[PDB]
Amino acid sequence: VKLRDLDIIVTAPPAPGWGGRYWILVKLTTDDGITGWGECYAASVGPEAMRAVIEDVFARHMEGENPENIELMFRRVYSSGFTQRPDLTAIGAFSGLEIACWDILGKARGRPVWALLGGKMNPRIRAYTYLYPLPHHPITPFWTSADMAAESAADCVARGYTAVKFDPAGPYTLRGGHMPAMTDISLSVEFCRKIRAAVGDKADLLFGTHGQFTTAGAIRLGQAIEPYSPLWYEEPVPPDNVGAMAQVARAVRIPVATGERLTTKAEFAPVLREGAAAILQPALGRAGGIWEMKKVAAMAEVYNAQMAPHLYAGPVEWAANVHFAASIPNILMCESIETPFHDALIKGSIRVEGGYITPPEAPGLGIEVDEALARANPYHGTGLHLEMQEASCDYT
Amino acid sequence: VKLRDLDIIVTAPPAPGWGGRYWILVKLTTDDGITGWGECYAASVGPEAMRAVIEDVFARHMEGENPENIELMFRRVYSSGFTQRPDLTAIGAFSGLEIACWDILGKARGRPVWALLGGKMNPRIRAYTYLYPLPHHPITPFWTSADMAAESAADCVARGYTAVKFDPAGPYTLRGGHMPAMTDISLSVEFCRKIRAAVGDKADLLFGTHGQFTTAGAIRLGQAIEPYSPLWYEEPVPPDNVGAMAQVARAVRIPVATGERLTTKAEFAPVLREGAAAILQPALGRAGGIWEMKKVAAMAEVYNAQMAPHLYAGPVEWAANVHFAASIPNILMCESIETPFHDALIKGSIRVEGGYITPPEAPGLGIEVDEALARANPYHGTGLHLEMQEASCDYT
Amino acid sequence: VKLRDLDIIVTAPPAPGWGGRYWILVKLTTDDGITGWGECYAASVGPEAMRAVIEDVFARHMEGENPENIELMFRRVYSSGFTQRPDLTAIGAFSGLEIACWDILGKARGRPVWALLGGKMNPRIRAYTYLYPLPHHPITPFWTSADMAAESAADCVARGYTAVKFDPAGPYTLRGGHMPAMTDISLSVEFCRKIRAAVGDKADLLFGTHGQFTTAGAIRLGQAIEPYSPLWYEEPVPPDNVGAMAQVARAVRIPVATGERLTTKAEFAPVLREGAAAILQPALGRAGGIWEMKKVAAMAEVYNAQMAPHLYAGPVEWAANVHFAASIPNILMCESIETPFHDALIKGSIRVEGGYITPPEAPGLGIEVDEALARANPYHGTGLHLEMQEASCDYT
Amino acid sequence: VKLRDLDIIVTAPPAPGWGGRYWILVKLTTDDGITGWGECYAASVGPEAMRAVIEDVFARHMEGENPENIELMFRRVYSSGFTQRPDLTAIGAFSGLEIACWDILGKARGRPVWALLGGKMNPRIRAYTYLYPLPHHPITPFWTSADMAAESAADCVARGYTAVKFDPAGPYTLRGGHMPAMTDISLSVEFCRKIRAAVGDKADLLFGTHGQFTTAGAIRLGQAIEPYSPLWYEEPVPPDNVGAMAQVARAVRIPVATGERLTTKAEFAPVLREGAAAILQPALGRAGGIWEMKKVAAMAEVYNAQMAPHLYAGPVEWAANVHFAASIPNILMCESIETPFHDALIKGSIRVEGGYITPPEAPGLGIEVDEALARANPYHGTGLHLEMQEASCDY
Amino acid sequence: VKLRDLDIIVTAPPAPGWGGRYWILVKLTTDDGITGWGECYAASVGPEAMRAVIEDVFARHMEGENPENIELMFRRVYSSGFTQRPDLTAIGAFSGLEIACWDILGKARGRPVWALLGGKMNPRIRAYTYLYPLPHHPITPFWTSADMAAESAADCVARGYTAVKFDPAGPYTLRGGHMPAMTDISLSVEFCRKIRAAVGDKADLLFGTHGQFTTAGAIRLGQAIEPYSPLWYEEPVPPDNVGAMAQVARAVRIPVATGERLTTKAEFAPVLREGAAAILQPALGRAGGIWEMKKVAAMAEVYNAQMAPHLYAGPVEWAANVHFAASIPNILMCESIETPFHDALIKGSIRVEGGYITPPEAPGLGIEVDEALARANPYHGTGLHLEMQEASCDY
Ligand SMILES: OC[C@H]1O[C@@H](O)[C@H](O)[C@@H]1O
Ligand SMILES: OC[C@H]1O[C@@H](O)[C@H](O)[C@@H]1O
Ligand SMILES: OC[C@H]1O[C@@H](O)[C@H](O)[C@@H]1O
Ligand SMILES: OC[C@H]1O[C@@H](O)[C@H](O)[C@@H]1O
Ligand SMILES: OC[C@H]1O[C@@H](O)[C@H](O)[C@@H]1O
Ligand SMILES: OC[C@H]1O[C@@H](O)[C@H](O)[C@@H]1O
Ligand SMILES: [Mg+2]
Ligand SMILES: [Mg+2]
Ligand SMILES: [Mg+2]
Ligand SMILES: [Mg+2]
Ligand SMILES: [Mg+2]
């Protein structure tokens, strides 16, 4: 078969909007009518600019191609316009389209995507979630309340989650790395202490930092939270300096996790080689798609390192994560977001049950995308999927 | 003053089209009506998608801002959408806009841009050019003809050039690095031998490769051309592997030059640190603009390394290169392209004279852009500025 | 479907016998009657012991399993008996069985194997061959005759080959590395000189050493042959010391190729990481099979390195090489052996044509194995596929 | 003399089966009637296939050879079939045969094997044991019971042992390294705390992990057990990544020990060179035999590192360990397993006495193998000596 | 048996005295009357002081000991007086005594020494020699004559030698490394050119420098001789800086050989680890003896490096080299000196024949030492075995 048609749907999750301001869905159709769904993860520019980028990438490198030719299509986009180094925006476009190709391939083969990726390694995939406000928690105060976070952790654990994520360490800003305030450090310690007291040995603590810090700052914060045995320390520094992250990794006793803002094996390889991270967290809708991330997973294997696929986006990218995770021996866990809208968008096709995800057995990604629901929920705002503060860190 | 309006003009150089399929010009206007001109260098996606990207970057991060705030505007774009690592496409958009800001600043200050960048280091800037066919040379056979290249080289020296560039080493393809054919090596040797014979000591040879090669291939080719004392070996490998390039630099006795496909100090710093290149060749319309490249020039200084700004684009980016070059102690030379169209587009405001460029004394970039000429030459081709071949290297 | 039956056929090539004393072929049959062919490359012990080893591996880890589960089956064999490090014999057994699984998968999917491996990268694959005696050459004197080798090189070029391999450097012995005799060095120079004269730019020289040498000896030999621009220097030292090989790589101006005696990504990753080789030459019937070697090919990509699959065995392993090579962007060339028996054994299903190989379009490996022919050619000797002599290097 | 005959006996230890499902014994006879016994440690494939491998290795490289020629026979097998890099299965076959050659050599020389290896360094060799259930302990609950492990440790100390080993860190699986569960870490801390309280300064704690973990996971577990001063941290990661293990060694304050799944000096040298381990634990029946391990012991010397020969097998390999250990300056301790079957199989010829082993003075390995007993205890299972679980870690 | 008696004999080789001013022979006798011969290589102080050192070492650490206990006796001497780091003089004394122990052990075992060292690897051992004046060559002009050296080289080849050594690079002085004169480089080039022309492919050139040079000077000299493909570049810098030798190794395309002035595995291990030398040339009478060098040979194996035992001493140390070399898979070649005195002192027991040495089959070192001849040739001078001049390099 040959790829023929592209539809792009930008959809806005209802309030409180866990998973960001909008999700960029792509729907591909072959010349014989098979449809595949994918999801792009790219917000350097807004959704309208992303539409033009996606349409270009598809028309230029993919339209009329056999969807089997995943290596070739990656090379075309990766090399586009005499580049042949990672383009964060163009590869974001490609990744979503590549995921749709896998959905198509599974349907054409009559097999789930994982069955095409070296088969099943994992009959059940360990899941985790951020700590989100419970219904009685005021949303804004929740983010700096250790007490409320501990309640959310207790509820996650009751529900079967074996790991929970939180970031009490303060705002990320556009200036780059900063030194944490003493209050950021003490709050981070309070969170770890209270969450550990609430979950005991029943769950791991995932310290979900957002690249806020200088190397110096990341080390000072890291050392303070060591006594609570967090399973990982995520993005301790901004994503533009592998050497700086390896410095943090060598100086703190907590495993460093990173990858959500990185793209292609050309960026993941140095992270491993320099010892910057032990746990890789690519967003498949950003990092080059399923096949490219299989290449990265194999690289992680020879460093005795593991994958933990990123999710702060919709259930389509999450379905890609699940098939990917089902097929690799070095899976740690899959980030997950439980909301009515996430579930409804794929008609409950794949779910976290008792803290774990069972790989679907249906063909392709094993999802039924509610296209009507996505279209009934357009994005009207002027913001990006996520945004970085302009105001500096508060020391007063 | 504040940045107010943006106009984007995509212009096609007339046949034979030295400088690529199209140039992306940007024109900014302040709220007091000062106009500034810049040029973007970004072709992962085509002109129409780039229009949308540039509009987004301007409206989101720059509209309404004081043009003095160059550090701030860079931080905004660089961090946009929770990224804060180089985005080749978004920073390409910013870079052109940043150059227009400098044009505006120079006009507001009543000074040439170089005077705002630490003043004048270089009363004259050494230029170079590719070897282009002479009026009596057939175009297609020229590129693989050592005899014709040598004739072109003699002509360049007659007109005062002290350095000439050529790439006789074969096609660059989307597959990534390949091993050169024996004929690629022999042709490269023949070019270097005959061009050296033609120029003697009057000019340097610049071996202007396009990242065609595996590390192994780059070393085999490099050792073969060493006897002709080429001043530099440009992009010996693809731009997505700093360690690989450093392996070439250590294994060949020719200084390695690179950078036209890199962006921001976050990418240039590791190139220096690992010893991947001795000469840095940013395209200012790609790499973050003038101020960001001043940062890189300072970094090159503490490696006893030099800048050689890239030009395979229009005279507006070139003008930016000139002001940048004029203000740095560690300038090697400025890539230049002499066509009637280049000259006409800036109304002969800045020219190579006897192999050298005098920094302009007029305010701003010191150019008068022929906007009418640009608009009379629209681009409506289907191709990208430059493109990478799909067919493999030919060994037969 | 499920794997059900295994047949093992050990076949001896007739005269002149290029490709070793015997080939170990495996035939797998599923519960629904689909057949797949593979080939094991393992001769630490003889074919009778290997038959017992292959039976054990299949029954313990593979019988009853869905052939899709390539990741899982590799993990089972690789970890077998609380090992989980490379076992050369056990993995040799698995590799052939794994290749047969791929033949089955392609047949089940109705697609060529390469189509299941990320699709087609290479519509034509560059082949090479050893220099073999011409009909007018006495066989034994051929191996040390530079004059005859040159004739054979010209012959290969006339056949359309673009690279030729030869080893004039003397015997490999069980003692480990030795220093070459002055005669070994002079003969190697004479070979390179006369072969280069005979082929000019029409073909590459592949210096096909067999790990005879101490690090010191390999460097002395390497420097002597540099003037002839050999494309690679194969196994300059024994395969049991990555650091020693990297020392050679750094001290010689020729790219180092290795891998035929290595197994799994666990061994190939340090080779890349330490810069021991630029070109990886796994024997797929030894190194863990097709999928494991796709993992290695991906690792080679992030070192800007290439694959050149090894062949000193039958056409079944070669078929695996072809499908593997068809699917990777970083293919250099495929080692090939053109004998009447190789061709007859797969009924001319896949052939070298004018120095290149077209990937087959038929399902699975795209071969029709002549089982009757393999069975009519049993192995009756007491030797191993290849053997290392006991007598030392001859300096007198 | 010349090696002429090989006999292979696969024997199964009676329940509870401390030492694994089966032991592969080899018996070599020279042309003038001297017999030597050795033991192979190799289970990538089962005993049936191993018989075929052993027969091949012996017939091809050793039959008809003078047993003095240990360097040559090693080179022959190591290089077999144009290989000349470690083959886990072929070298496991060779190792047992090589041990048997040393038994023969000792007998022909009229000297204990240690006497031929540079002489006696160690009049008494420090022994250690795993913690095994006491008679009143239920077998299954014992492995996760810190209380019972502490009781067993106290008993070990009362019998003279100065070091004890235990692994409470959870299952090893075929998937490769995993992250420990919080309960794996807490249980490991509980074991270390209670065993340390039970033994005080009277014994060392040996944290006998089985390569279960990712580098990250091994560092998290390792840091938690540091306060109890464990003497070593064994196989913290799988045996297929020297760089990963070196990362653990640099990041935890406990000496790393490894080697039971490694083979030949070609694999032990990089471990030392990269600082992956401070203590080397080859299984002599796997790693290339006695002489190859003397080479490794010498390499360990120039890294100020020590040897601790592995034992999860029979008394024959153990006897090889003792002679090896007696002859080296850099011995730490010898792993030992005390069962009635181990003792009976070598007719009580060598024994742990009060936590230490005296090198025997009799010729060869100084053992009398009860061949009849070995033959009366055949292996009837379908499994391997040890096996790796398919199911993942339980969180 | 136990070591009981020590006799020291210092003997001077007659003019022209190839092999140095004197050789230090040691003779050990066991309590049951077995005799063993060894040779010490130690010249920091003269023969009389060395006598006192050897007597002390023997009486303190070895007398009354079973000669089997080679590991233990080395540890004793190595650690003597709270040292436990290489003492050139003390270990030089031990080394000769250790060689004598091996002679005794072989006699007691009824086997050649090589048979006790892992058996035979090499049925014949490749030999080499310095280029010595031919009978019609004037001795003094010979050392700086490329023409005469080439004649001697052609003669060596006619006699079956496959490698020849020479040093045209100038004097070694007590000052330490110096820069070669242009004439030193030119003469070295002339030597290499003319010797290569005389031997073609029939022999290797061994550039046998004596540590004359600074790192810079060694690199300038090394690059100039590269075109003639010398097999090795011996001791390019003084033996007291591993990092400096490694700098030469990385900067010249010739393999570096060293070790004659080094002692124990503690010094050879860093040489390998840092990549300072690819070929190791211990003098067994200096470096710790046969067993200690077997440890070093095993270390060389895991660096894919080789041994070339040093000889500028008597036939007793040479006998030790031969047995050592016979037993190791990684032998390159054995330095040899053919003089009437060498041959007579061991009664022609072991000889170079057609450029190769056959390991003896007789018990022990397989030599019959002419004790009477040794005593008939005492050393009468006041000098040292070799000496370093005080005058600087001549520019
Ligand atoms: O600048 C170096 C690059 O490496 C990666 O860590 C980041 O993507 C960054 O862009
Ligand atoms: O691939 C690693 C990064 O380094 C740079 O060389 C490339 O642009 C890439 O983004
Ligand atoms: O794969 C690398 C090797 O290092 C050693 O630790 C293992 O034996 C493995 O085979
Ligand atoms: O000896 C260590 C390993 O490195 C690799 O080069 C060989 O396969 C060997 O097994
Ligand atoms: O000079 C430092 C040490 O290194 C060795 O090379 C020398 O023997 C010396 O003792
Ligand atoms: O072992 C190498 C040398 O360095 C010093 O530490 C020792 O004394 C020894 O002589
Ligand atoms: Mg995150
Ligand atoms: Mg260029
Ligand atoms: Mg080969
Ligand atoms: Mg263990
Ligand atoms: Mg010397």
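Note that these values count all heavy atoms, side chains included, but never hydrogens, waters or copies made by symmetry. Start at 1 and go down the list; that is how both ligands and their atoms are numbered. All chains are named by letter (A, B, ...) in the order of the sequence lines, taking the proteins before the strands, and each is independently numbered beginning at 1.
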- Query: Can you tell me how far the CH2 atom of A:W232 sits from the OG1 atom of A:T258, to the nearest 0.5 Å?
  - Reply: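 The distance works out to 11.0 Å.
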- Provide the protein N, O or S atoms situated under 2.8 Å from the Mg ion (ligand 8); waters are not included.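 Protein N/O/S atoms under 2.8 Å of the Mg ion (ligand 8): B:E234 OE2, B:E260 OE1.
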- Query: Using 30° and 60° as the class limits, which term best fits the ring planes of B:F74 and B:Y78: parallel, tilted or perpendicular?
  - Reply: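 Plane angle under 30°, so parallel.
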- Query: Is a side-chain N or O of B:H178 found less than 3.5 angstrom from the main chain of B:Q212, in a donor-acceptor match?
  - Reply: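 Here the side-chain-to-backbone pair exists.
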- Message: Using only atom types and a distance under 3.5 Å, with no angle test, would you say the side chain of A:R261 pairs donor to acceptor with the backbone of B:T83?
- Response: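 It does hold such a pair.
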Between [X] and [Y], does any side-chain N to carboxylate O distance fall below 4.0 Å?
| X | Y | answer |
| --- | --- | --- |
| B:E292 | B:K265 | yes |
| B:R126 | B:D204 | yes |
| A:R286 | A:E260 | no |

- Query: Looking at the rings of B:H210 and A:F82, which for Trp means the six-membered one, are their centres under 6.0 Å apart?
  - Reply: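 Centroid separation for B:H210 and A:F82: below 6.0 Å.
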- Write down, by chain and number, every protein residue that brings a non-hydrogen atom to less than 4.0 Å from an atom of ligand 1.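 Contacts of ligand 1 under 4.0 Å: A:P239, A:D240, A:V242, A:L262, A:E267, B:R85, B:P86, B:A266, B:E267.
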- Picking from B:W23, B:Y312, B:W18, what satisfies ring-ring contact (aromatic ring centres under 6.0 Å, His included) with B:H342?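 The ring-ring contact (aromatic ring centres under 6.0 Å, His included) with B:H342 is passed solely by B:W23 among B:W23, B:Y312, B:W18.
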